[PDB]
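Following this message is one structure expressed as structure tokens.
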Ligand code: CLA
Ligand code: CLA
Ligand code: CLA
Ligand code: CLA
Ligand code: CLA
Ligand SMILES: CC1=C(/C=C/C(C)=C/C=C/C(C)=C/C=C/C=C(C)/C=C/C=C(C)/C=C/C2=C(C)CCCC2(C)C)C(C)(C)CCC1
Ligand SMILES: CC1=C(/C=C/C(C)=C/C=C/C(C)=C/C=C/C=C(C)/C=C/C=C(C)/C=C/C2=C(C)CCCC2(C)C)C(C)(C)CCC1
Ligand SMILES: CC1=C(C/C=C(\C)CCC[C@H](C)CCC[C@H](C)CCCC(C)C)C(=O)c2ccccc2C1=O
């Protein structure tokens, strides 16, 4: 009926993992090796950040510039003849 | 931690010590009053700023003053 | 007074709630309040709900000092029971918190050192212009 | 002294989010920064004045350049009472076809905005009649900001 | 056992307590030091639980207050009847109800206000009323003014009797505590006696008085030629000529061959073609059945004899899967405090009022009521507002009980403790639900607005581009339409014409009722209603649950129920009491009710109300623009607020001008409220200091030193002014539009 | 030409993301 | 412990729920973070492909699905960014793991390396790779 022990404080303060599991990996060794070898270049953090920023910016700019008028109504432009103003202004 | 100061106009009625919710103020012997005691604020780091001590103080102006200052976990009243 | 210890005190009968300790207790600190009851009776927890205090010594764990002081003052006012609380750190240090001199703060006690006393009226403070460009404050002088 | 508010340790010690909120709020109160003197305050004020002047010049240069590049000043000067001034062009991926066809005004070949600032009349009065003058003014104002 | 227990002359009647104000509280009775005293004298007048601690005095005061309230209500009813009798055109409206507007008030001719006497019709000038009293009087069988005068005199007599009864039961013979704590006898008498017997007597009146007179009126007979109501009772030949079943007398009732009474006790349903209302025979049948049900149900609880049920035994002996022991100490809690009962009754009454408004608009029970649009609109809006206010008050009284009458030692309940032990999960889930509902409901409208503003009408959530149809409601409507064919063989037709399926009913060239379609707009508005209701529930529940204590403040119960804050510390603790939670939930109740009434008004004007020509075409008031213009905020602002406000602003110089004036005045009051909601006390106190100095210079200083209002008083004033201004604005706009156009 | 089709996406999307990332990293740094 | 701010309910503590949550890739402590992140990214991208192609601005034209697929990929990139910075501001270079040390029973177990700079970096890389692969697979399966 005790809940406070000074020797250890993990149980007293409630430091547990409710759903953690320590079982061995179920993935196949061959698939794991393939993914480990092929996903290696993205492990570094600063390189990943710089690559992501530069690639996203370049791809977005290229797609925006190369896009035609069928997809984007803004690039198609007006088609109807112009209109006059309220007081006859052009 | 806020700043709590006590001036010499105190008459030792012990209302501020009773009003404190975090046990900041206490009473010490003194010489210049009929009650022969005066308040003090040793445990300043436990002040929250509720200003109940100023609420319970009979004087022309309060003999106990609380000035808000740098905040921390204790003075912000956070339990998480 | 010499600070006491709380080795193996049991705890009141509670069914559990969501108003208990959080990650701060594991990371920063928590508080422990201990008292002594002459009979088994039901009281109201500061975190919501009602609990039953066993006859004899009782111990409780809380998150802030305000809850401890509120529970202690309720105990003293209603049940006429003496209490004391400490603060516990992650490294295991236990610091005695409630009455440090052994007597309650509302009672004058010889041998107490005075802190934060200004021997002047509240209207004798200097203007803020006098303390400009310095790290001090007018009320500190 | 170590967190984001380097000019105030008291605001840099607390762990809550208000440390961010107040950090933006007190950045220009030079009399509240710790370890401050009269010399530093005056010099910071002088530098802020210079920065404000640069920003104003850059804003005016940008306005002039956009009016020159996407406006109809040369068409407006001939018939002031029957031409609507143009401020800048509109590019918007969210525009539908009716919006593109309806926002085309004046002599422009695409959506544009009508300038209600009144800079066309001000520049016409003082003696500007060509786009090259506007370009030269924009270049001069950029030089002044630099 | 059950007994009558009273105390003789507990108090003595004298005027000595009238002279000294604030005698109930010693602090108030001491005397006025500052002006705040006055503001307190009215705040604590009705807080009987704070004046003393004995339950007996509180119960006696409550009883006397109830008697006084009954007397006031009787006086109001008598005044209404007298106005109907003297200054009205009821007799002219009786002959031609369709072409004459009711009016029961006449304005004097002092200043120039005589323009308010409009041409209502029937050779009369006055203010058109929307209380719906004329339809009630017609349905009751009243065809003259002498009967109205007699009713007014009886109301006056009953009000005097109620006042005397209140005085007698407070000052002469006051019941003891054990008299009030007998809930079984009270329940038996309220169920069997107050409800069953009253409905039985009303059914008897309808059978004997209302039906023959209404039949004669519907036949086409002049109101001045109809025989008097007592002639039907005296002359059995007349009733035999009208209803042959009466010729058999009361013999069939005891013979159990009740089918003979099928002539005036029917189960057809639907609307009456002549008057556009429910059949009176169906109403009498329903009242008889309800009387039987209540009389049977009034004998359930054990009082003074062996047979019966005990409420405490029923509560304690309850066992269930999710409940468990559960309701063990609830009887003492409910029979100990008045606040829990007040909260329960307030919530039930509010819900009942909302249900009443819905059922009344759906199926009109009075003759010539559906074709009078202003009466319907006024009744719906009024009942909705009353229900909302009662529902709001229930939570406040629940919080008051939880604060000041809850102790877990002497009176402990397991369910309340279990609920109080996991309030965080409830609050978190309610917050998530509110956030999700609001995001979706308002994002749909914002997306529609943005897509329409960009020239993309094919990307909106509408009946033409992206359809979100209420399939469940349509299925329910179809089931209700097909109900009387197979599921309810007794009924000839469906209960209401609202269900999709049936025919159109129109009276006197004006549409009475027709089936209501359901589309995407109804979906969106229903979800908005749910979002607003959920937010109000969240606010009230958070106020109720965290009243005793909180993580921020562990001892909130010591400060009480009405306190402004705890201090500038902890980062700020403004508005932590439950009173502040109620004051905040008032705004959301106002918002929800305003949205509901706006939806009802626009939908009814667009899809139901209108006129019919001789050919057979139906032209609605706004021409059915609800389904395409109510999907965007701009449509709500332009096609409803801008378009329908033409009548109110152009009413100057006519008989409706008063409404227009109100449409301005309320606005002013609304703005005034802001002054009390955006500022604080210190500025006003510092200004009053200088004003008081200026007064002191001229020797006009009052003894009662002026003081600025308290924080709670300022909040209450602000919220009161806000609510009053908004409600008056809506009232003026609705009445002006529906009177000028309908 | 076609400068707006290259410049509007840059200012609208890429630069705010870069500035937000830099400011967040600088603020969170101890 | 009744004094901890948590309650025991059938939903939060059941053998089925416990098994299902412990078998999720986000809770496998022994497995290195890269293999878990790959699966998480694959599932997230495969799920994310759909709504963009079903409710996109061009959803009625012939390009629709292709365009939608592209949009999905873009989202993944942004999400990857939202991961990377979260590592940089959280875990230092030399500090050890901050995961709980003991299980619910009380047994001492090795802390998870996911709450580490290298572990989080591996998780983000695997998530990016898996998201791209899943988006590509979903597009290929849907429009081939
Ligand atoms: C708040 C609700 C809301 C909603 C639902 C929508 C919805 C929509 N908008 Mg609008 N919009 C809104 C508000 C909203 N809008 C607002 C406030 C604005 C600003 C004014 C706009 C401005 C706007 C623009 C400018 C455009 C749209 C368009 C669209 C469409 C694009 C959808 C898409 O591509 O992304 C969908 C992306 C997803 C990743 C979906 C996430 C949600 C998933 C399904 C979660 C479901 C959770 C699931 C149950 C979890 C259970 C777990 C369990 C399995 C264990 C979509 C129909 C576009 C259009 O052209 O459409 C015709 C368009 O161009 N909108
Ligand atoms: C400030 C400038 C800005 C700009 C230039 C854009 C531009 C665009 N918006 Mg966005 N948007 C913005 C701010 C902005 N937005 C804001 C403030 C909001 C909040 C209201 C939104 C909310 C919003 C919605 C709700 C929708 C858009 C959509 C669109 C696209 C419309 C073109 C089209 O018809 O689809 C052409 C077809 C496409 C799907 C383009 C596919 C290729 C894109 C550009 C991805 C390229 C990938 C790349 C890796 C991106 C990540 C890199 C990172 C640095 C950004 C286009 C990418 C629509 C959309 O994207 O559909 C889902 C849409 O539904 N926007
Ligand atoms: C069958 C008889 C009976 C009847 C008719 C009623 C009826 C009523 N009671 Mg109940 N009551 C009864 C038995 C009865 N009671 C008993 C035995 C007890 C003790 C356990 C109570 C305890 C009780 C309390 C404590 C209170 C009521 C209240 C009320 C009133 C509710 C107000 C309202 O709903 O408007 C309906 C309005 C009308 C129908 C008004 C008509 C006037 C009625 C018919 C008066 C005659 C009633 C009386 C019981 C008979 C006179 C006896 C006396 C002459 C010797 C209503 C008048 C509440 C009230 O409002 O207080 C005044 C209230 O506070 N009752
Ligand atoms: C069913 C009847 C009912 C009853 C009997 C009570 C009873 C009680 N209430 Mg509850 N209450 C109710 C319904 C009811 N309430 C509803 C519907 C609400 C929601 C608004 C509330 C909300 C509420 C609050 C917020 C409070 C109470 C409190 C109280 C107590 C004090 C009463 C008081 O002093 O007022 C005496 C009367 C007044 C102060 C008059 C105020 C002026 C009003 C607001 C103006 C209305 C103006 C008018 C309609 C417009 C015309 C303007 C014209 C005059 C120019 C009392 C026990 C108070 C308390 O302290 O409880 C312990 C408290 O703080 N109640
Ligand atoms: C019209 C203005 C207004 C608005 C919009 C809100 C909004 C809100 N109120 Mg507040 N409130 C207001 C006035 C307003 N209030 C007033 C006058 C009072 C009286 C004091 C209150 C008092 C009050 C209380 C007492 C409570 C709230 C709560 C809430 C929240 C409800 C949950 C929800 O619906 O969120 C969903 C979101 C919305 C409806 C807001 C609009 C969002 C739209 C769809 C835009 C989204 C677009 C996109 C994401 C923007 C990106 C662009 C950017 C990148 C440039 C929400 C934040 C409740 C709460 O917080 O609980 C959850 C609550 O309890 N309010
Ligand atoms: C409107 C109004 C009014 C009036 C009222 C009235 C006029 C009333 C009446 C009432 C009445 C007039 C009532 C009655 C009742 C009755 C009853 C309630 C009865 C009962 C009966 C019974 C119960 C029976 C039984 C039996 C049987 C079953 C069998 C055989 C035997 C016997 C017979 C016993 C006033 C002015 C006041 C006010 C205002 C409003
Ligand atoms: C809702 C409401 C209202 C209304 C109300 C009403 C309308 C009521 C009614 C009521 C009623 C309507 C009641 C009634 C009652 C009755 C009674 C109470 C009766 C009694 C009886 C008796 C007592 C009898 C006896 C006898 C005889 C005489 C013979 C035989 C034998 C015997 C003994 C049985 C108003 C508007 C105000 C407003 C508020 C709310
Ligand atoms: C305007 C305002 C005031 C000032 C309001 C005051 C002083 C109320 C004044 C009420 C009346 C008008 C004062 C006089 C009342 C007497 C009955 C007058 C008798 C003389 C004749 C008129 C009969 C506050 O005190 C306040 C406090 C807290 C938050 C907001 C506010 C706030 O907004």
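To match Swiss-Prot, the residue numbers of chain B are left as they are there, and the shown ones run 2-81.
This deposition comes from electron microscopy, 3.1 Å.
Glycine too: its Cβ is placed from the backbone N, Cα and C atoms.
As listed in Swiss-Prot for this protein:
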type	residues	note
BINDING	B:11, B:14, B:17, B:58	[4Fe-4S] cluster 1 binding site
BINDING	B:21, B:48, B:51, B:54	[4Fe-4S] cluster 2 binding site
DOMAIN	B:2-31	domain '4Fe-4S ferredoxin-type 1'
DOMAIN	B:39-68	domain '4Fe-4S ferredoxin-type 2'
For the domain '4Fe-4S ferredoxin-type 1' (B:2-31), find every same-chain residue at least 6 residues outside the stretch whose CB is under 8 Å from a CB in it, and list them.
37-51, 53-54, 56-61, 64-71, 73, 75-76
Given the binding-site residues B:21, B:51, B:54, which one's Cα is the least distant from that of residue B:11 ([4Fe-4S] cluster 1 binding site)?
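Nearest by Cα distance to residue B:11 ([4Fe-4S] cluster 1 binding site): B:54.
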In sequence order, what residues of the same chain, 6+ apart, have a Cβ less than 8 Å from the Cβ of residue B:54 ([4Fe-4S] cluster 2 binding site)?
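Once residues fewer than 6 apart are set aside, residue B:54 ([4Fe-4S] cluster 2 binding site) is near B:5, B:16, B:17, B:20, B:21, B:26, B:65, B:67.
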Fewest other CB within 10 angstroms, which one of the binding-site residues B:14, B:21, B:48, B:51, B:58?
B:14
Quick one: Cα separation, residue B:51 ([4Fe-4S] cluster 2 binding site) versus residue B:58 ([4Fe-4S] cluster 1 binding site), in Å?
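Their Cα atoms are separated by 14 Å.
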For the recorded [4Fe-4S] cluster 1 site formed by B:11, B:14, B:17, B:58, name the remaining residues of the chain with Cβ within 8 Å of the site's Cβ center, in chain order.
B:12, B:13, B:15, B:16, B:40, B:54, B:57, B:59, B:60, B:64, B:65
Within 10 Å of the Cβ of residue B:11 ([4Fe-4S] cluster 1 binding site), how many other Cβ atoms are there?
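If we count other Cβ atoms within 10 Å of residue B:11 ([4Fe-4S] cluster 1 binding site), we arrive at 23.
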Relative to the Cβ position of residue B:17 ([4Fe-4S] cluster 1 binding site), how many further Cβ atoms are located within 10 Å?
25
Should residue B:54 ([4Fe-4S] cluster 2 binding site) be counted as helix, strand, or coil on the basis of DSSP?
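SS state of residue B:54 ([4Fe-4S] cluster 2 binding site) = helix.
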Within the domain '4Fe-4S ferredoxin-type 1' (B:2-31), count helix residues (DSSP H, G, I), strand residues (E, B) and coil residues, in that order.
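For the domain '4Fe-4S ferredoxin-type 1' (B:2-31), the helix, strand and coil counts are 5 helix, 9 strand, 16 coil.
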Just to verify a number: CA distance, residue B:14 ([4Fe-4S] cluster 1 binding site) to residue B:48 ([4Fe-4S] cluster 2 binding site), in angstrom, no decimals.
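A Cα-Cα distance of 21 Å.
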Tell me the Cα distance separating residue B:58 ([4Fe-4S] cluster 1 binding site) from residue B:48 ([4Fe-4S] cluster 2 binding site), rounded to the nearest angstrom.
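A Cα-Cα distance of 17 Å.
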Given the binding-site residues B:14, B:51, B:58, return the subset with CB under 6 A from an atom of ligand 7, ordered by sequence, or none if empty.
none
Mind pulling out which binding-site residues among B:14, B:17, B:21, B:51, B:54, B:58 sit under 8 Å from chain E, Cβ to Cβ?
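Checking chain E against the binding-site residues, the residues within range (Cβ-Cβ under 8 Å) are B:51.
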When DSSP states are folded down to helix, strand and coil, where does residue B:48 ([4Fe-4S] cluster 2 binding site) land?
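Residue B:48 ([4Fe-4S] cluster 2 binding site) sits in coil per DSSP, no helix or strand.
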